[PDB]
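Next up is one chain by itself, shown in structure tokens, the form deposited in one PDB entry.
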């Protein structure tokens, strides 16, 4: 199968370069417009009750646009807000930007619009010392994405009022700053990561052309991957986070895939094979290894589709499209480029000891295999102790804390929450709905409200139980159906969300009406629950599919079960350190972030990426161990030769993916630091502790058992065209 494709990619080398590059280049220009068709929601279980409570509530009471923008206005020269001359100056500036942007702004609302008023909440829009006052600027739009795109049209002119002294906070100033970290992370990779991976590529090949090919394949991969997702956006929504994942993960392992193809090609050239025979032996070995490695990551990402979070679904599609296009380009464009170029892939040089490290790998493995229990036992018990911090796992939602504490937009929100306490609330909603269609009586409301007061832990700023669980305000865009009435109240502690939500759902609603418990604490706790309910079924599918794929890439049954254990150990040890640094705070003062509960759908993603990544690096290693073993060599020889003919490649393939990960660990977005650190930690763990010690030690204990497989299972692999674990007699 790969032997057949090895020679066909040489006979049609000119057209597979022309056609496949054209598709990858066509998707690039078609993918430039991808940033204009992305959404920000998908963190909640869309088929849950808290979401239903939000759909019903917005349909009846209307969407709330009061929290879109809150602008803190401060008069210069210590003037008080009662300065009539200053009020006239800023109101005209506000009336001016609304006049110029009627299509983006509904209007502005606040104490300035009525300085002499008797409304308490409007009079609370000013501080007791008359030095600050805030306004609400509701924005136009039918969904949260159109609203945010309207705030970004007016923010510069809005920021210029009051001599520039205006603090913008609320839902949209933060969302602009959160989604803006994406571009900050891309530009940081284009000026700091892609130059670093250029000098890493040159120190493995010594010539510019051999080093430039994996980068070209990686560029063609993301170019064609951004085009695939732009086509996906024509049918279903896609999230903003799916663009960095293509750069953070797809661009990294695509260069890794293109690395084993070019290295194996130069290896066959030095052995004395001609250009056609070389590209066929790489496809039978590295090309086969890369295809298996790509399908494994796919098998690591599809179980996330069991999870109902659309944020996850959009990301799996980006991982699938990036790793598969990478493998396809590796055995098409790259394999044919090596066929056209040939040994003048080593021609140019930098002007335009490789055998001594390969011996150091042999010496280290012989030390490991000589006293293996002295290496396996201390390593695996240390990794188990690194899983202990995972017991302190807490889960939360998005807030202004996802930015560094020195972020101006975050500070403007925190300044609002201390000058004007009471306006910012996260209430749990009791959405009452009658199936009669008849109005809900005032007694039905006071009855459901009386049951909500039997549940402690709810906010009471007035110090009166009669003022608790008020009705939600009715905006002028909602159909005031008296069949549906909702009452809401916030919590004294967010940590009581899961507890108090269950206490509200346990209340017996009035005879005819049915109650839906919603609010952002309910939305968060329902996405948490949906992940950890299908997390075991996800892990079951994740493990059995990756294991059988390695049984085909290799020829053994115990080797895939070994790697699964070494991948589970690397997983738990990596997530325990992350819980130790992003939840408990160890490393927050240096990396500039605040420890806080994690986004629950993000632990599902980090499980998928780390697993498929650690398995891929096991496939890169053992593929040469089995290939040497298939030549009749002993187990200790197959091990040594395995981790010596690839000990430099796997080392180099890890630094590249670590550099691009090291560029996202500086992201102002904290959950990107969590993801990029997870790749950085697991990469170092796999490429050093696992590869150099735990793999040779455990395989030495097993001996010839390492390669064993039942016979009725080896012929199946053989039957499919996947039994090319060993090469043919060739003369060169």
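The term rigid core refers to the most C-alpha atoms you can superpose between the two forms while keeping them within 1.5 Å. Positions refer to the first chain, counted from 1.
Not pictured, yet referred to below: the form solved in complex with a small molecule.
The closest heavy atom approach of residue 609 to the small molecule in the bound PDB entry falls within 4.5 Å. For residue 679, a non-hydrogen atom is located within 4.5 Å of the small molecule in the bound PDB entry, even though that partner is not displayed.
Residue contact check for residue 289: one or more of its heavy atoms lie within 4.5 Å of the small molecule in the bound PDB entry.
When the small molecule is considered in the bound PDB entry, residue 657 lines it closely, a heavy atom lying within 4.5 Å. Heavy atoms within 4.5 Å of the small molecule in the bound PDB entry map, among the stretches 369-377, 325-333, 246-254, 274-282, onto 246-254 alone. Put simply, of 309, 546, 293, 570 only one has a heavy atom within 4.5 Å of the small molecule in the bound PDB entry, and it is 293. Note on contacts: among 639, 262, 522, 297, the single residue with a heavy atom within 4.5 Å of the small molecule in the bound PDB entry is 297. Only one candidate in 334, 430, 71, 403 has its Cα displaced by 2 Å or more between this form and the one not shown after core superposition: 334. Relative to the superposed rigid core, the position of the CA of residue 207 differs between this form and the one not shown by 2 Å or more. If you fit the rigid core between this form and the one not shown, you'll see the Cα of residue 268 move by 2 angstroms or more. For residue 217, a C-alpha deviation of 2 angstroms or more is recorded between this form and the one not shown after rigid-core alignment.
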